[PDB]
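Participant: Let me give you the structure first, and then I'll get to my questions.
Nothing in this text is a laboratory measurement; each read-out follows from the coordinates by a stated rule. Positions of Cβ are generated from backbone atoms using ideal geometry, with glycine treated the same way; all protein chains shown enter the neighbour counts.
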Amino acid sequence: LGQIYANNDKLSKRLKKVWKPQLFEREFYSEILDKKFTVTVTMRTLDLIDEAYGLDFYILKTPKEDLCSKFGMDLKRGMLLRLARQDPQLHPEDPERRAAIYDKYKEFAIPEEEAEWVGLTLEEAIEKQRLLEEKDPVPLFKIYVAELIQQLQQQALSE
Amino acid sequence: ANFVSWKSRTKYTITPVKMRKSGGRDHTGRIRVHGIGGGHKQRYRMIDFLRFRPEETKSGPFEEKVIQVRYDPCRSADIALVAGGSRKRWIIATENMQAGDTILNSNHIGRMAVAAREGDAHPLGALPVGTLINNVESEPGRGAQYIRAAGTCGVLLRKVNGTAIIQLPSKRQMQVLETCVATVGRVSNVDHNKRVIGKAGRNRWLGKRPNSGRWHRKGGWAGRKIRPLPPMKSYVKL
RNA sequence: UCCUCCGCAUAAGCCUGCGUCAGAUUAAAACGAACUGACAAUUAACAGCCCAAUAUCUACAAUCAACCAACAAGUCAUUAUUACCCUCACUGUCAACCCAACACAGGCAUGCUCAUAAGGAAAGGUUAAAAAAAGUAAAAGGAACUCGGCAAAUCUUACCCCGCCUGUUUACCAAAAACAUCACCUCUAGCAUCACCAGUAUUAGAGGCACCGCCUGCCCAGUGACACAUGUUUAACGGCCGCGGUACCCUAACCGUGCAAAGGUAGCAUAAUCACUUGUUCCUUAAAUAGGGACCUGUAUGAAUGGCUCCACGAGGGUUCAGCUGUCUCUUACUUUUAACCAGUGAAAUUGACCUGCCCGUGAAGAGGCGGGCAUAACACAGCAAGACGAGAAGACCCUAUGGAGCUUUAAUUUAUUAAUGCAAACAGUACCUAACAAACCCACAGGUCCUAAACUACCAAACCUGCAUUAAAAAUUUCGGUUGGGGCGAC
RNA sequence: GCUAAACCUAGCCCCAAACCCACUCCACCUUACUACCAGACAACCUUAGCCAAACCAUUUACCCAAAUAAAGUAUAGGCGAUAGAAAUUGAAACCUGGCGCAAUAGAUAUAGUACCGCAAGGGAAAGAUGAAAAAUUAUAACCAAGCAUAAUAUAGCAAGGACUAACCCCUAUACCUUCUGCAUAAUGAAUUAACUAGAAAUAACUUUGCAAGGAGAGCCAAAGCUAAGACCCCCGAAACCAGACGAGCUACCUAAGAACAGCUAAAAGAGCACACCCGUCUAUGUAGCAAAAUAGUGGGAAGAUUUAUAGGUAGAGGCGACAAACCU
RNA sequence: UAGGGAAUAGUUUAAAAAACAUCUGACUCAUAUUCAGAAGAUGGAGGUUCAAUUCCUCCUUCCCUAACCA
Ligand SMILES: [K+]
Ligand SMILES: [K+]
Ligand SMILES: [K+]
Ligand SMILES: [K+]
Ligand SMILES: [K+]
Ligand SMILES: [K+]
Ligand SMILES: [K+]
Ligand SMILES: [K+]
Ligand SMILES: [K+]
Ligand SMILES: [K+]
Ligand SMILES: [K+]
Ligand SMILES: [K+]
Ligand SMILES: [K+]
Ligand SMILES: [K+]
Ligand SMILES: [K+]
Ligand SMILES: [K+]
Ligand SMILES: [K+]
Ligand SMILES: [Mg+2]
Ligand SMILES: [Mg+2]
Ligand SMILES: [Mg+2]
Ligand SMILES: [Mg+2]
Ligand SMILES: [Mg+2]
Ligand SMILES: [Mg+2]
Ligand SMILES: [Mg+2]
Ligand SMILES: [Mg+2]
Ligand SMILES: [Mg+2]
Ligand SMILES: [Mg+2]
Ligand SMILES: [Mg+2]
Ligand SMILES: [Mg+2]
Ligand SMILES: [Mg+2]
Ligand SMILES: [Mg+2]
Ligand SMILES: [Mg+2]
Ligand SMILES: [Mg+2]
Ligand SMILES: [Mg+2]
Ligand SMILES: [Mg+2]
Ligand SMILES: [Mg+2]
Ligand SMILES: [Mg+2]
Ligand SMILES: [Mg+2]
Ligand SMILES: [Mg+2]
Ligand SMILES: [Mg+2]
Ligand SMILES: [Mg+2]
Ligand SMILES: [Mg+2]
Ligand SMILES: [Mg+2]
Ligand SMILES: [Mg+2]
Ligand SMILES: [Mg+2]
Ligand SMILES: [Mg+2]
Ligand SMILES: [Mg+2]
Ligand SMILES: [Mg+2]
Ligand SMILES: [Mg+2]
Ligand SMILES: [Mg+2]
Ligand SMILES: [Mg+2]
Ligand SMILES: [Mg+2]
Ligand SMILES: [Mg+2]
Ligand SMILES: [Mg+2]
Ligand SMILES: [Mg+2]
Ligand SMILES: [Mg+2]
Ligand SMILES: [Mg+2]
Ligand SMILES: [Mg+2]
Ligand SMILES: [Mg+2]
Ligand SMILES: [Mg+2]
Ligand SMILES: [Mg+2]
Ligand SMILES: [Mg+2]
Ligand SMILES: [Mg+2]
Ligand SMILES: [Mg+2]
Ligand SMILES: [Mg+2]
Ligand SMILES: [Mg+2]
Ligand SMILES: [Mg+2]
Ligand SMILES: [Mg+2]
Ligand SMILES: [Mg+2]
Ligand SMILES: [Mg+2]
Ligand SMILES: [Mg+2]
Ligand SMILES: [Mg+2]
Ligand SMILES: [Mg+2]
Ligand SMILES: [Mg+2]
Ligand SMILES: [Mg+2]
Ligand SMILES: [Mg+2]
Ligand SMILES: [Mg+2]
Ligand SMILES: [Mg+2]
Ligand SMILES: [Mg+2]
Ligand SMILES: [Mg+2]
Ligand SMILES: [Mg+2]
Ligand SMILES: [Mg+2]
Ligand SMILES: [Mg+2]
């Protein structure tokens, strides 16, 4: 979103101008996820994927500020979680193939605890934390039965 | 705005349906077409434009009996209630269609051309060249979209390579597949274009609002223009 | 005694807003109270607040609905199976009331009453001047009034212009000849699931003109539009001629010559038509710049931005017969209101200060206020409108401001936007090219040797989207110099 | 002698410091403040313009993360108006204070209430005893305009010179603004009280300090340099742009309603004529009963009629039988 | 009163030419038509230039336009 001078002459009118990228709908295959996705992409995206030698490398290598896509960040978390867990659901009946794929991308592996939070927005992260911390309150009946028993045992020792 | 089209009914019926006027407004509530408003209230009678619609469990050519021919407020041509088997439906009446007549809805194209009776529905391939037709469809099974107005008729000009060339009321030729079904004869109400409105009020009854009083200078668009008939419109894909 | 314009109810609105008691607060006057404090109140049967599912059904108006005849073609209808044992909750209910700053001559839907069974009071008291308002009556005359018969009275004749007609418009200075309109014509469009339209060229939309009747002549050079090979198109924008001579004079059937796309045709004409103009003549009046009929070169009439007739219609504009009348000659009388006086209550514009005369002269050029004269105890009430360049609105006319805004456009600037087209971008593949000839010789043929038998690929992916261009459409932003015996025009 | 006058508090302003943030029960996104039923709509998208350039058309400063300095320098720009860095440099930092207001001030605030507007929105006014009011026959008085006590006596900007004496005599054309020039019959002003309008650099001058140096890093300097003093108003358009709010009036439309006596003709965008709708002509009214009415007289009144209810179209727009109509 | 344009043979046009009219002849019984010949002009005055219808200036005649706002 910007402005231009008509006929590239500053002394002429200043006009609003919007440059839009050329969008293409293409199908991509993920080795780590063993699934095909119909993603709307640009020719730059195709070039970047070629330079990375595949979609999986592109998704794993590209930082968040360069991916500029929530969907891309969700794919990254999916791939990273499978690498962190060494998930057996990838090619369940072909353990050898599953282990070659995971070896190909071993450089990007990270601890599972960290991978679960990759790509999450602050709102999503807050909701995830809230669910982890949401527990029914403990009835005070149980707590008081513990102080009592613990207290009675100490009294017996003094006797 | 909260405009909802009245055209919500999903099941065919011969019961007159309550319809809502637009006033020339679109769904946004702004005037889209000028000169529309008011007029007598009207109910819509659902017209079946697919003359060859066999009953659910039936197939092949079938006949129907004309029960009544009556006025239709929603169109210039008259409409006829026809009954065949256990089904009743509204259709467009032909010039000489009257109660008690029997009409034939066939899909059969034979080596020889049939003797065309007014009001019968046949495939264009089965009709002699020069037959006056009406309620023609562009593609087979699409349903009649052409030559539906009062007194209108087309003529079957040629039949070549499984296709039919017809002349439209505007005189522009129209190529279609020979399996496209048409109705023989002219549409009812041949003297529609001779009617006289007589007074401004009668136009108001028809739902027409007066023209703007703004004077518009005429421009280059105006004045007689003698142009060649447009090239034959073709719906067949080769 | 007199009004009845109403009245009662519902709806909508309003929300305790003339019930009791206690207060002397008050109603544009007044101690009853609509104001204050307290205390009471409207009780559901009227009304509001409703409904198990799925599929399925629903051609045949209304009008006393019967004859009759229609078009603008219409407000009222189910079944099948499954599910279902229960009961009268909740809310509106008052009034002298709402929208109009007000206890406002205004606004305000429906039912019933059709003059009342309901609802109300035009006069605070007096007097009986002017001017003013609303009425009644008027001698003789009867439009002599006046821009005009406005108003009033009576209640009628004929005609003209414009518009066909009913209808529509500047809420608050214009109701019309303006707009619409039946009719006629031009232009665009071959089509479906939100307008157009649940429509399909006897249709739909964009316009012009204005029923009907007789008609609508000539022109496509220019502009526009359309179409492409020239070109087509005026019921598209628009246009539709000179100079000199010839029958005594007017005039020229006629003749010469130039120009143009065509040279205004039919009609009509002193017109609602630049002036000339109160054109000329007949009719109309005692008298007519009015009106009607004609004559008309209108050198600026004129044919769907329509011409010319003609029924019916008009709170349109004009003329007129007869009658009518206080319009007038020329005013008068009476009643009511207002008025004046008494009592109660009690505004507004306005106001430099005023101890606020007349004449002539003077003066920023029209003096109550200056000069020279004259006049002159003080103070109310009622009239009047010559002055206080009277009051009211920082003149709307006019000019000025490097002040605005609306509108138009071949003003400058621009195409971001919309549409079209081109290229790039993106996207699959289908096909790859033939004009000898022996002259001699060979070869059973079929053909060969010599005198060339090379080289050489073409097409090609429709839309959508994005980028860059081009042309349109529809718009945007901004401006519209100065001088000037006011400005403009001319000139500079 | 009345009307009045007088008052010192309520609180408020600017800083500092400190991060900030509520709760009974019940009700509240449907017509909010409404106990209790089948749904599934969902947020982001360059500010513009006034204005300055003495028009205007490119252009015209707007905290963006450290005071100072580098520096108004490099640089940008109808190279005009004006805009304007960085490298580098590098300080201090103890809330409980006031040469701030004191009822026309200070917050609009006693209150976002009353009141105004359909809505968004606009938006006030004012209080005053004393230790005790369980001391109320208390706390004296004197002061604006306006009046009253107490109308007025030839003549005149109202006074001045005077005079034994108010007047009589003589002299004298209010004020401000605006203009060549105003008693002007040119502007403003009833009067009282309160409120209500000159903001700063560049240099220079004056008076101190130190002095070829001055200055509490930067800067200037061929008597300079440092510090100080001292000069630059108020109210007013028609407009322009952005974002909201409006069709309870009115224009047109949508859904479903309602009204239209009698007579003629009996066919009617037909005639006469009520209700009803409109508003031709005249008078009245003109701060009115009324910010468009009243009386009479008129046009229409089965239709392109009139009308109640709910809904729709919104300002670069809507709507329009084009009157540049109408859109509170 | 202000402003623009125009003036060519007797007539009407052209950029010093044509057309007719005029005069001469031939053809005809004669006239016209026709054919062959002939003549004739740059409104006025002043000036530049070797040379001016063709560069300027004033006047006359005529045409067209404007002559307004309260
Ligand atoms: K019909
Ligand atoms: K109320
Ligand atoms: K009123
Ligand atoms: K009228
Ligand atoms: K043309
Ligand atoms: K005449
Ligand atoms: K005459
Ligand atoms: K009329
Ligand atoms: K007077
Ligand atoms: K003068
Ligand atoms: K300006
Ligand atoms: K205040
Ligand atoms: K003044
Ligand atoms: K004067
Ligand atoms: K003066
Ligand atoms: K004045
Ligand atoms: K509405
Ligand atoms: Mg229809
Ligand atoms: Mg029309
Ligand atoms: Mg029109
Ligand atoms: Mg009930
Ligand atoms: Mg009641
Ligand atoms: Mg009304
Ligand atoms: Mg009574
Ligand atoms: Mg009374
Ligand atoms: Mg009275
Ligand atoms: Mg009285
Ligand atoms: Mg008399
Ligand atoms: Mg007279
Ligand atoms: Mg008479
Ligand atoms: Mg007279
Ligand atoms: Mg009259
Ligand atoms: Mg008319
Ligand atoms: Mg008006
Ligand atoms: Mg009106
Ligand atoms: Mg009027
Ligand atoms: Mg008209
Ligand atoms: Mg006609
Ligand atoms: Mg014509
Ligand atoms: Mg002669
Ligand atoms: Mg003629
Ligand atoms: Mg004339
Ligand atoms: Mg007369
Ligand atoms: Mg003309
Ligand atoms: Mg004309
Ligand atoms: Mg025309
Ligand atoms: Mg008629
Ligand atoms: Mg008339
Ligand atoms: Mg009428
Ligand atoms: Mg009086
Ligand atoms: Mg009195
Ligand atoms: Mg004054
Ligand atoms: Mg004088
Ligand atoms: Mg008096
Ligand atoms: Mg005076
Ligand atoms: Mg005056
Ligand atoms: Mg003025
Ligand atoms: Mg401006
Ligand atoms: Mg200029
Ligand atoms: Mg000037
Ligand atoms: Mg002048
Ligand atoms: Mg000029
Ligand atoms: Mg400027
Ligand atoms: Mg300007
Ligand atoms: Mg820095
Ligand atoms: Mg205050
Ligand atoms: Mg005093
Ligand atoms: Mg004196
Ligand atoms: Mg002057
Ligand atoms: Mg003087
Ligand atoms: Mg004065
Ligand atoms: Mg002045
Ligand atoms: Mg200063
Ligand atoms: Mg601007
Ligand atoms: Mg805006
Ligand atoms: Mg409404
Ligand atoms: Mg409707
Ligand atoms: Mg009736
Ligand atoms: Mg009628
Ligand atoms: Mg009538
Ligand atoms: Mg209307
Ligand atoms: Mg107009
Ligand atoms: Mg106008």
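Participant: Alpha carbon centre of the stretch A:85-159 versus the stretch B:57-87: separation in Å?
Facilitator: About 73 Å separates the Cα centre of the stretch A:85-159 from the one of the stretch B:57-87.
Participant: If you don't mind, another one. Determine the calculated [θ] at 222 nm for chain B from helices alone, applying -39500 (n - 2.57) to every DSSP H run no shorter than 4 residues and normalising by the residue count; nearest 500 deg cm²/dmol.
Facilitator: Calculated at 222 nm, the ellipticity per residue is -500 deg cm²/dmol.
Participant: Can you work out D for chain A in µm² s⁻¹ from Stokes-Einstein, where Rh is the Kirkwood radius over C-alpha pairs, the temperature is 25 °C and the viscosity is 0.890 mPa s?
Facilitator: Value of D from the Cα-based Kirkwood radius: 118 µm²/s.
Participant: Can I ask one more? Suppose a student asked you for the relative contact order of chain A, using Cα pairs under 8 Å spaced at least 6 residues apart; what percent would you report?
Facilitator: Relative contact order here is 15 percent.
Participant: Could you list the chymotrypsin sites (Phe, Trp or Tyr not before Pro) in the stretch A:117-147 that lie in coil according to DSSP, counting only those with at most 15 other Cβ atoms within 10 Å of their Cβ?
Facilitator: A:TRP117
Participant: Can you pull the one-decimal nm distance between simple spin-label points at A:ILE110 and B:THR102, each 7 Å off the Cα toward Cβ?
Facilitator: Reported label-point gap for A:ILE110 and B:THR102 is 8.3 nm.
Participant: Then there is this: Could you work out the helix-only [θ] at 222 nm for chain A, with each DSSP H run of four or more residues adding -39,500 (n - 2.57) and the total divided by the number of residues, to the nearest 500 deg cm²/dmol?
Facilitator: -15500 deg cm²/dmol
Participant: Now for a separate question. If you find the alpha carbon centre of the stretch B:119-133 and of the stretch B:148-223, how far apart are they in angstrom?
Facilitator: Rounded to whole Å, the Cα centres lie 20 Å apart.
Participant: Still on this model: Order by neighbour count: A:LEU83, A:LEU48, fewest other Cβ atoms within 10 Å first, most last.
Facilitator: Arranged by neighbour count, lowest to highest, A:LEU83, A:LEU48 become A:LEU48, A:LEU83.
Participant: What do you get for Rg/Rh over chain B if you use C-alpha atoms and the Kirkwood form of Rh?
Facilitator: Dividing the radius of gyration by the Kirkwood radius yields 1.01.
Participant: Okay, next question. Compute the angle between helix A:140-158 and the longest alpha-carbon principal axis of chain A, please, reported from 0 to 90 degrees and rounded to the nearest 10.
Facilitator: That works out to roughly 40 degrees.
Participant: Also, I was wondering about something else. State, as an integer percentage, the relative contact order of the stretch B:107-187 based on alpha-carbon contacts under 8 Å between residues 6 or more apart.
Facilitator: Relative contact order for the stretch B:107-187 comes out at 37 percent.
Participant: Run through the stretch A:1-70 and list the trypsin sites (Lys or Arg not before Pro) located in a DSSP loop whose Cβ has at most 11 other Cβ atoms within 10 Å.
Facilitator: Filter output for the stretch A:1-70: A:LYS10, A:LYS13.
Participant: Compute the angle between helix A:122-133 and the longest alpha-carbon principal axis of chain A, please, reported from 0 to 90 degrees and rounded to the nearest 10.
Facilitator: 20 degrees
Participant: Report relative contact order for chain B in percent, whole number only (criteria: Cα-Cα under 8 Å, sequence separation at least 6).
Facilitator: Relative contact order for chain B comes out at 18 percent.
Participant: Plugging the Kirkwood radius over Cα pairs into Stokes-Einstein for the stretch B:94-142, at a temperature of 20 °C and a viscosity of 1.002 mPa s, what D comes out in µm²/s?
Facilitator: Translational diffusion coefficient: 179 µm²/s.
Participant: Just to verify a number: FRET efficiency for B:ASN2 and A:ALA6, C-beta to C-beta distance, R0 = 35 Å, to 0.05?
Facilitator: That pair, B:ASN2 with A:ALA6, gives E of 0.20.
Participant: Enumerate the amide H contacts of A:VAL41 below 5 Å, restricted to partners 5 or more residues apart or on another chain; note that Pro and chain-start residues carry no placed amide H.
Facilitator: Placed amide hydrogens put A:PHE24, A:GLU25, A:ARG26 under 5 Å from A:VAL41.
Participant: Hull surface divided by four, with the convex hull built on the Cα atoms of the protein assembly as shown: how many nm²?
Facilitator: Mean shadow area of the hull around the Cα atoms is 46.6 nm².
Participant: Right, next: Check which residues have an amide H placed less than 5 Å from B:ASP72's amide H, if you skip close sequence neighbours.
Facilitator: B:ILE79
Participant: Could you sort out which of B:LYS171/B:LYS194; A:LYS36/A:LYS128; B:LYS88/B:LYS208 sit more than 23 Å apart by Cα distance in this structure?
Facilitator: In this structure, A:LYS36/A:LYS128; B:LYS88/B:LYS208 exceed 23 Å between Cα atoms.
Participant: Here's a follow-up. Using just the Cα positions, wrap the stretch B:107-187 in a convex hull and report its mean projected area in square nanometres, one decimal place.
Facilitator: 4.5 nm²
Participant: To continue, here is another question. What residues have an amide H closer than 5 Å to that of B:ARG89, excluding those fewer than 5 places away on the same chain, when H is modeled at 1.01 Å from N in the peptide plane?
Facilitator: B:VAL82
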